[PDB]
Structure formats: structure tokens, C-alpha cells
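Undergrad: One structure, as C-alpha cells, below. Some questions next.
Every residue, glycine among them, receives a Cβ derived from its backbone with ideal geometry; neighbour counts consider all protein chains shown. Please treat every number below as a calculation from the coordinates, not as lab data.
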Amino acid sequence: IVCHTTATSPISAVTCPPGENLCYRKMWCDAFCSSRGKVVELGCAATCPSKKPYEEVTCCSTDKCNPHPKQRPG
């Protein structure tokens, strides 16, 4: 119960796994930064181990912090 956005696809608030709040947000620019941007990771995987820099990354835990624009209305 925390991130209410992505995290393994479009998700739906899920909030990734347990951890009891927080959601490791990663990805955003696939890797081709060829525009758009709907292929992220922000899905938590414990207690946001931080991971690495690469493309995009972060770490929140205040209700959410891993959304994503564009997306798909279906």
C-alpha cells in the first residue's frame, strides 16, 4: 500500500509488493529515448533497493511516486 500507479505494466494503484509503504520506481525511457515513454518499472520489489542509475530511477513512499503519462485508455 503506497505507490498507486505503474509497477509491472499499467497496474492500478497495486503499490507493488509488501514493504508496508514505498514503491521502487524505475524506468521511463525504455532505453531508446525515441520519444513517448510508457515502459517503466516502478513496481516495487521489497523496500526499494534503489537499484542503479541507468535510464530512469527513483524511490518514493508517500502514497505514490511512480505514475506515467500517455499510457493507454485500454
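Undergrad: Find all pairs meeting these conditions: Cβ atoms under 8 angstrom apart; at least six residues apart or on different chains; first residue within the range 38-65 and over 10 Å from residue 27 (Cα atoms); second residue among the charged types (D, E, K, R) and assigned to a loop (DSSP other than H, G, I, E, B).
TA: Close Cβ pairs satisfying both conditions: 48/25; 59/25; 60/25; 65/25.
Undergrad: Further, regarding this structure: Count, please, the residues in the range 1-31 that happen to be in a loop (DSSP other than H, G, I, E, B), surrounded by 15 or more Cβ atoms within 10 Å (Cβ to Cβ) and among the aliphatic types (A, V, I, L, M).
TA: Going through the range 1-31 one residue at a time, the tally reaches 5.
Undergrad: Suppose we keep only residues that are among the hydrophobic types (A, V, I, L, M, F, W, C) and at positive phi within the range 15-30. Which one would you say is farthest from the chain's Cα centre (by Cα)?
TA: 22
Undergrad: Would you confirm, using the coordinates I've provided, whether residue 44 is part of a loop (DSSP other than H, G, I, E, B) and surrounded by 13 or more Cβ atoms within 10 Å (Cβ to Cβ)?
TA: yes
Undergrad: Determine whether residue 6 is touching a residue at least 60 places away in the same chain (Cβ under 8 Å), touching an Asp or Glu at 6+ places or on another chain (Cβ under 8 Å) and of a type in the set (S, T, N, Q).
TA: yes
Undergrad: Same structure, new question: Any idea which of (1) loosely packed, with under 14 Cβ neighbours inside 10 Å; (2) hydroxyl-bearing (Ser, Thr, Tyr); (3) out of contact with any strand residue (DSSP E or B) (no Cβ under 8 Å at 6 or more places or on another chain) is the one residue 50 doesn't satisfy?
TA: Every condition holds for residue 50 apart from (3).
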